[PDB]
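Just one chain is shown here, as structure tokens, and it is the form deposited in one PDB entry.
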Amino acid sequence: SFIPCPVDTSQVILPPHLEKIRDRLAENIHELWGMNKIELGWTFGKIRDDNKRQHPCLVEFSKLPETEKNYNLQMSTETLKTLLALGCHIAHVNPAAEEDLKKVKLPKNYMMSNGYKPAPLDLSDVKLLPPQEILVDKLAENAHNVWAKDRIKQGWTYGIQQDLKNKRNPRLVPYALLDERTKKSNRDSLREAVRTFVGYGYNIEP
């Protein structure tokens, strides 16, 4: 009895100039995913093995399989279209920002056997304004409805234990019922996404 209804973006055109930031956002978001998984004990693997914690997507964003790469780009585009659908304006302010933009140097033990070492953008200094933090909460919750909707449209349903064969997932629940740990992790991701706009010189203002 779950009806995820994301913010309607069906009438939003993504201006051609925002396609770079769109690409930037997806890449940096992916790096965070890899760092988080490595920190959860995951390591590279040609094929996914939960018992061993091998993941084929622990590579650079480019080397990602097309099905997995395109998903990250579509979600990235929907994030920007969701901002636009919410009345926000996205315009480039500080062009030199991308110049003094440095990645995070993670310990050497973070490099996988596959040679991939995650290097997300160090955006710690980017302090978000109280209004921007509200936007993050919206994007976070709405990100969950977007994921859920797609998963439901592809034959997925709730289950107590995730089952790749049965297309069942315990997180297919309304945002309110979701575990706070996951909800917080998602907000953190969206928070970095909003920071990626600042760190790249763009201004996010309604």
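Under this definition, the rigid core comprises the largest set of C-alpha atoms superposing within 1.5 Å between the forms. From 1 onward, residues are counted along the sequence shown.
The form deposited in another entry is left out here; the points below concern that form.
Among the candidates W42, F61, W33, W147, displacement between this form and the one not shown reaches 2 angstroms at the C-alpha for one position only, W147 (superposition on the rigid core).
Core-superposed comparison between this form and the one not shown: the Cα of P6 travels 2 Å or more. The rigid-core alignment places the CA of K183 2 Å or more apart between this form and the one not shown.
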